[PDB]
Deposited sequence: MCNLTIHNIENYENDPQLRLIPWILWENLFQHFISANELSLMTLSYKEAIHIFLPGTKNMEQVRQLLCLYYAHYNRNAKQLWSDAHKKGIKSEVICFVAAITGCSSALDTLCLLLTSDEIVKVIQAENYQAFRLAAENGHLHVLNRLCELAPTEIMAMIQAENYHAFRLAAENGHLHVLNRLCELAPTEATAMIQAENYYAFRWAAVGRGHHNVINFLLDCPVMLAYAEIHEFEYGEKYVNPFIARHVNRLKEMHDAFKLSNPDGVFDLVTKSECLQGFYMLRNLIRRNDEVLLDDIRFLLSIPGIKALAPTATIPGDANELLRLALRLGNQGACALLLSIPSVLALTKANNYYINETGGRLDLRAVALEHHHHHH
């Protein structure tokens, strides 16, 4: 048959080029069978005239995709119906729906309880949609299978979330956390923080990272990895948040003269802690001002003597001496709580 790795020798093929380059490498493995290329060069009615399906899932998938990218636009608006006929598994069409993002495909299988079953390949359709960022397909699955949404999310070690994150699909990420907030912290931690590690490679997907860092445990892990993150992500994020706080504080000591300097919820408070930990971890004179300012908040100051590791105590103070961050120490021992537990 034929095999292409040379991109220039791929866009020269009037037919093959119709297939997304990414797919041709991740699904077709740079090679195309003869019983499949046929379905792309001959007319549509001819391709089906011959179209003999396969027994193994991937067989059909690679085929159905060849017909789609070559005829779907050309009156083959009913290729999903004919497919079902000839011999394409009801689930294979559901995969090509989650991959191509074609709703029309799902619309057909949605007019035949045999849908709340086609869970196929451990919710592979749900996972394929997340990796391709097809939010609309993802939702249709949650619409055609309410009592299953939670298994799809946690399917394969929160795969959906992870695949979404490494591809930069922040919109697929948001929704996923809306579908079940009780799994947020989970998905983020899944597989030793898969999401963050892969959204950070290369040029990186800053939309995912910045979002991900709104999770105290996430920022906790990332901020300590100064080499991998920091100059690129953490630092700009901390500088961007320390300044945002100075603009709600001053904008309170304006509207509510001489009152409180607080963070409403527990979550924003924990963030300040690790945000402060990083500033100290960096050990720098120019960062002294942001440290004092963070400790001025009762939602952070009343979190200075604590520690991430249960059973331990003064972490920040320990970290300060550990690095030799004099000035951060003096600033810390100024807190009564931290003044008590002191040796």
_What are the C-alpha gaps when you align the coordinates back onto the deposited sequence?_
1-2, 115-116, 123-124, 350-376
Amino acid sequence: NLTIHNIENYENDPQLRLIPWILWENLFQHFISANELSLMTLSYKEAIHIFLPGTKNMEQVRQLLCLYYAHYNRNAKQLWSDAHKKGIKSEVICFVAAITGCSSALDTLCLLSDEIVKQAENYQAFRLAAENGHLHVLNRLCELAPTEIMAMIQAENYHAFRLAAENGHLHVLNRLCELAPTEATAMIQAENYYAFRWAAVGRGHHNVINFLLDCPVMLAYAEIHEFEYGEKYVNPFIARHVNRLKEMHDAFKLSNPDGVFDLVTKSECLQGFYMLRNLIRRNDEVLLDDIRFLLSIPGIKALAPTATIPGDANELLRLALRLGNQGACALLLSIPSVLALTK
From here on, numbers count along this sequence of modelled residues.
*Mean C-alpha temperature factor, higher of 272-280 and 291-299*: 291-299
_Stretch with the higher entry mean CA B-factor, where the candidates are 131-139 and 181-189_ = 181-189
*Looking at 81, 235, 124, 174, which has the highest Cα B-factor in the entry?*
81
*Considering only 106, 112, 170, 163, which residue's Cα atom bears the greatest B-factor as recorded?*
112
*Once the chain's modelled residues are ordered by C-alpha B factor and cut into thirds, is residue 266 in the lowest, middle or highest one?*
highest
*Select lowest, middle or highest to describe the third in which the CA B-factor of residue 68 falls within its chain in this entry.*
lowest
*Quick one: classify residue 85 as lowest, middle or highest third of the chain based on its Cα B-factor.*
highest
*Would the CA B-factor of residue 36 place it in the lowest, middle or highest third of its chain?*
middle
_Taking only the Cα B-factors deposited for this chain, tell me whether residue 59 sits in the lowest, middle or highest third._
highest
